[PDB]
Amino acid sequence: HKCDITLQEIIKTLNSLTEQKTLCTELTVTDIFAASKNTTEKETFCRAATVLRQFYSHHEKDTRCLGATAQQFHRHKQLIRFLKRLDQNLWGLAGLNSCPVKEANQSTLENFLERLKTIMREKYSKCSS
């Protein structure tokens, strides 16, 4: 399923994420989009599904992110809800639960999310345009 509405779910969720801030949206993930050797779409997804999943699992109850105020704690609570959802969809479209994250370079969650939001919208374009 390649031009499935799951793409819209991914984009629609990407927007929420990209339009928010936290002390955690600056911590780094593996830049799987720093590769020159490349792969295949479903593996592009399993790899991305992987890094996103390593993050939220590593940062769900992280001290640097839980927050001082209420609006902050709320924000982080929301940040992790979305990561889980964005990831839930990625694994489904990837349909591949094994991943060789061969990369050294790290982006920031936020800058990585933009690139995912971009790749996804290009993937969408090819579905309608």
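Note that residue numbering begins at 1 and tracks the sequence as displayed.
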item	value
Segment of higher mean CA temperature factor, 69-77 or 39-47	39-47
Mean Cα B-factor comparison, 100-108 or 48-56, giving the higher one as deposited	100-108
Residue with maximal Cα B-factor (values as given in the PDB entry) among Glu26, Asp31, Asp87, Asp62	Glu26
Chain-relative CA temperature factor third for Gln20	highest
